[PDB]
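What follows is calculated from the coordinates using simple rules that are stated; it is not laboratory data. Neighbour counts run over all protein chains shown; Cβ positions are idealised from the backbone, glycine included.
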DNA sequence: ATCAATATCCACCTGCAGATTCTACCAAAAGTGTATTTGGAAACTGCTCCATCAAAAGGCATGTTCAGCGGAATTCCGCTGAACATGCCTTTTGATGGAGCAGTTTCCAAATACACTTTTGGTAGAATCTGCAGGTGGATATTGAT
DNA sequence: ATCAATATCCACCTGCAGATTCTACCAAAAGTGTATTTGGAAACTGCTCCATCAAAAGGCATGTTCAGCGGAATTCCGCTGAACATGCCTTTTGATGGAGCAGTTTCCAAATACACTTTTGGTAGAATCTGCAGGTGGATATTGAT
């Protein structure tokens with residue numbers, strides 16, 4: 001059928017039609033250009049890829065194949081930028097990074 | 001023809017506030033009671049801060065409220081202080097406050 | 001027999017290692033649920049709670065406290081101690097703006 | 001017998017009362033402006049500035065620094081000192097979340 | 001024989017402390033912590049309940065809690081939104 | 001060619017700020033630290049301000065640009081139009 | 001033509017302190033203050049409405065916004081003046 | 001008549017397999033990703049909204065989404081987000 | 001405690017810039033008055049999923065002992081505060097050219113607004129499938145005592 | 001250094017809770033084609049205000065000297081938190097009615113949308129006015145040496 005989704009056109013996995021729909025209805029402005037949702041979906045997809053890429057490694061590192069919350073937390077807090085971007089975000093069931101103030105370590 | 005402000009018994013502009021709400025794109029629609037209520041609240045708050053800034057002016061033997069007076073009034077009131085907890089009033093200074101351990105002598 | 005005893009701090013260190021590894025909630029659920037409901041009762045009566053709503057609140061509170069314990073430790077260490085105290089939590093909250 | 005000298009700390013307290021009592025900016029106006037134009041310039045060239053834009057940055061900057069010193073002072077006093085040091089400033093910024 | 005905030009026990013407060021990297025704890029910390037936890041919950045719950053009553057419900061939903069957390073600048077991932 | 005202006009933030013000015021800040025005694029290393037802290041504060045506010053300028057396709061940084069940038073950073077400023 | 005709340009701030013000023021004036025810088029801060037709280041309340045109402053699949057902001061969302069945003073006593077009094085003003089505006093055309 | 005509940009889950013997953021073909025993800029992790037996407041969406045959209053208002057515009061275009069991104073994301077993350085976004089808008093525009 | 005060197009306090013005073021005072025223009029508001037559209041309150045209802053009660057489960061309260069940490073006391077060195085001489089650079093009052101922001105008209109490429117057609121992501125219920133958390137065993141590193 | 005007591009690892013095992021693949025029913029999207037509308041850039045330009053060069057001058061930065069006392073290092077000891085084994089009461093797990101959370105239907109007060117008419121908050125500009133900063137003197141502390 002000759003009806004190709006805007007996502008396929010922009011060559012993205014994320015749903016352009018939806019991001020567009022969500023912008024209009026979020027009362028962000030009177031009008032919304034046609035490229036805004038494309039651009040925006042492209043940016044949402046990329047960040048999603050960045051985190052899954054790192055959370056995935058964190059999983060391999062624990063000899064695990066399924067990403068769990070812990071993995072997303074290890075991924076985000078070990079990455080300076082993602083860490084800043086999510087500086088005020090709490091990932092449920094993520095724990096903290098193993099870290100012990102040196103002065104508290106036993107006197108070897 | 002009465003202004004909507006007078007019908008509500010307010011000094012603040014009901015028509016203007018109702019207008020700013022629409023232009024600010026906060027929702028598809030804006031009920032008529034919304035701007036009336038919001039202008040009342042805005043007006044009430046400026047009355048509280050001016051009530052307090054005016055006293056501070058009086059306390060500093062002045063007749064014209066200046067920024068320092070607004071700052072004194074805000075920082076000295078727990079609630080306004082909180083509401084403006086992350087606000088900076090230009091030319092307002094800080095409240096005089098020296099930590100005890102910094103004072104001399106011993107009693 | 002050979003009354004084995006670990007020196008002060010060794011098990012504690014062992015515990016930090018363990019808990020920084022895991023992610024389970026550390027407060028018992030029921031007691032926490034009771035506290036939440038009791039505090040809510042002051043804002044509105046006869047309220048019900050989705051299971052998920054209490055879990056969200058517990059996840060949020062523990063993450064908040066664990067982080068406050070982090071800055072607190074930093075305040076103790078700043079004062080050359082290894083023992084956290086109230087003055088430490090109080091200083092941390094004051095600088096966080098939850099204080100002067 | 002002849003010279004008169006205030007003891008260390010008396011003029012400092014005199015000064016705190018003096019400055020806590022007023023509101024004028026404490027950094028020299030022009031030098032502050034050159035600093036703004038330098039930092040700005042090394043971000044984007046050929047930029048002009050409304051004078052009030054420079055004044056708004058100075059007002060924000062001084063309020064930020066004054067509030068930071070308060071926090072620092074509390075960190076020094078926490079360590080049983082009256083002299084603020086770099087590490088006090090670092091502790092305060094770490095807890096404020098500027099390097100936490 | 002039962003006060004709720006005391007239900008948040010010392011052993012639990014100690015485990016939390018541990019996750020935060022704490023090695024030695026002063027006795028006065030346990031009571032101090034409860035007090036902080038209580039202020040935390042009141043601030044969050046109050047906002048959630050306000051979102052509950054606005055929606056005319058009698059049940060606090062995870063979303064009412066998530067929205068309250070977001071307002072307090074304590075954004076939480078995992079429970080919707 | 002502006003070069004080392006961070007030094008215009010004189011030792012006496014940093015000291016006055018510490019006074020309003022209620023500070024009685026200052027270590028010798030405080031001055032360079034403070035300058036470092038101010039440069040970063042300024043870089044961040046100017047970066048965002050200048051970004052609002054360019055988005056508006058202007059060549060002049062306005063007070064609103066600075067006010068909007070400050071608000072982004074949670075340092076809302078009253079007095080200059082916002 | 002740039003609008004401002006000045007005449008209104010001034011009116012209210014004369015009601016609470018008949019013989020006090022205000023410098024322009026202070027009025028500038030007052031104007032910032034009104035716009036600030038205004039945006040804060042509306043933003044709050046905006047989200048409140050969306051969270052409830054509502055396309056309309058009424059006196060009711062403005063009220064919750066006020067309860068969500070303002071500290072204890074100030075909320076209590078703003079809500080009263082708010083309710084009061086709406087009821088009065090209602091009783092007339 | 002049980003009303004829908006949209007989510008980015010299927011797209012998150014699609015993206016997962018391109019990056020880690022043999023990796024899975026648990027429900028709780030998916031919910032977090034979903035929260036992550038809605039959060040950035042709101043932050044970016046919200047900022048673009050203000051940008052327009054400041055400049056008295058009624059329209060949010062890719063221009064606003066771009067500046068929004070520069071103001072929101074940290075350096076390198078913003079660099080790639082900008083290029084990815086520009087890439088998609090380009091590829092889109094150049095297609096019947 | 002008495003006393004001299006200084007800073008603070010403060011009511012009196014007057015040039016000035018910043019504020020209050022018209023006068024007029026007035027177009028963009030804000031209001032009045034039909035016509036047309038619709039959101040969401042309200043009543044009714046079905047199915048979750050939440051509060052409750054019971055029983056099997058495992059973490060916490062409690063008292064003892066003493067290691068070691070925190071803080072009091074003492075000490076000394078050197079760094080930071082005060083005071084002072086010297087002189088420059090900020091600040092101040094002014095004018096000038098022109099960059100560039102902003103007002104105004106002009107008009108098209110892009111967006112909204114239905115109406116129609118097709119695709120699809122979410123839901124429900126059923127069956128199938130699997131990553132991995134604990135459970136065991138045995139090796140070995142860690143820690144604390146002599 | 002030398003065991004002895006424990007904690008920690010690692011390789012392997014397997015049962016099931018939660019992930020997956022399956023299929024269909026479908027309302028809500030999302031794409032598409034047509035008609036209508038309009039935001040906002042391009043273009044011309046009036047005009048605010050930014051950059052800048054100028055000059056006079058004293059407020060304020062700089063740099064030095066000197067020594068008061070704060071920081072920090074060390075010693076030391078009373079005490080309070082850590083570890084631990086003892087004993088059990090509270091939490092947790094799994095099963096069952098019912099309250100509300102929502103999904104539907106309905107309809108009415110209320111919110112566009114549009115056309116005029118009317119009131120007004122800006123403001124450009126002039127003229128008048130007033131609070132107060134800031135200069136002065138001298139009366140009331142505050143400090144610090146003795």
Once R0 is set to 41 Å, what does the formula 1/(1 + (r/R0)^6) return for the Cβ-Cβ distance between residue G:2 and residue B:98, expressed as a FRET efficiency to the nearest 0.05?
0.45
Sort out for me the Cα centre separation of region G:43-93 from region H:1-34, rounded to whole Å.
38 Å
Given 5 Å bins starting at zero, what is the percent of C-alpha pairs of region A:17-70 in each, up to the one with the largest pair distance?
4, 17, 20, 13, 10, 11, 11, 8, 4, 1, 0
Once you compute Rg and the Kirkwood Rh from C-alpha atoms, what is the Rg to Rh ratio for chain D?
1.09
Once you wrap a convex hull around the alpha carbon atoms of chain B, what is its projected area averaged over all directions, in nm²?
10.8 nm²
For all pairs of alpha-carbon atoms in chain H, what percent lies in each bin of width 5 Å, listed from the first bin to the last filled one?
3, 11, 15, 17, 20, 17, 10, 5, 2, 0
Can you give the Kirkwood hydrodynamic radius of region G:1-40 from its Cα pairs, in Å with one decimal?
10.7 Å
So the compactness index of region D:36-81, its C-alpha Rg divided by 2.2 N^0.38 Å, takes the value 1.71
Rh by Kirkwood over Cα pairs, then Stokes-Einstein D for region A:39-80 at 1.567 mPa s and 4 °C, µm²/s
123 µm²/s
Rough spin-label spacing in nm, given labels placed 7 Å along Cα→Cβ, for residue G:23 and residue C:38:
5.3 nm
Using the basic label-point model (7 angstrom from Cα toward the beta carbon), what is the residue G:14 to residue A:88 distance in nanometres?
4.2 nm
Most fluctuating of G:74, G:48, G:13 in the GNM of chain G (C-alpha, under 10 Å) is G:13
Report the Cα-based extents of chain E along its three principal axes, largest first, to the nearest Å.
45, 32, 16
Among H:27, H:62, H:35, which one shows the biggest mean-square fluctuation in a GNM of chain H, springs joining Cα atoms closer than 10 Å?
H:27
Angle between chain H longest axis and helix H:27-54 axis [Cα atoms, degrees, rounded to 10]
10 degrees
Compute the helix-to-body angle for H:62-72: its Cα long axis versus the longest principal axis of chain H, expressed 0 to 90° and rounded to tens.
70 degrees
Rounded tilt (10° steps) of D:10-21 against the dominant C-alpha axis of chain D
40 degrees
Hull volume in cubic angstrom per residue (convex hull over the Cα atoms of the protein assembly as shown):
245 Å³
Distance between modelled label sites at residue C:11 and residue A:8, nm, 7 Å Cα→Cβ extension
6.5 nm
Looking at chain H as a GNM with Cα springs under 10 Å, which of H:64, H:42, H:76 has the largest mean-square fluctuation?
H:76
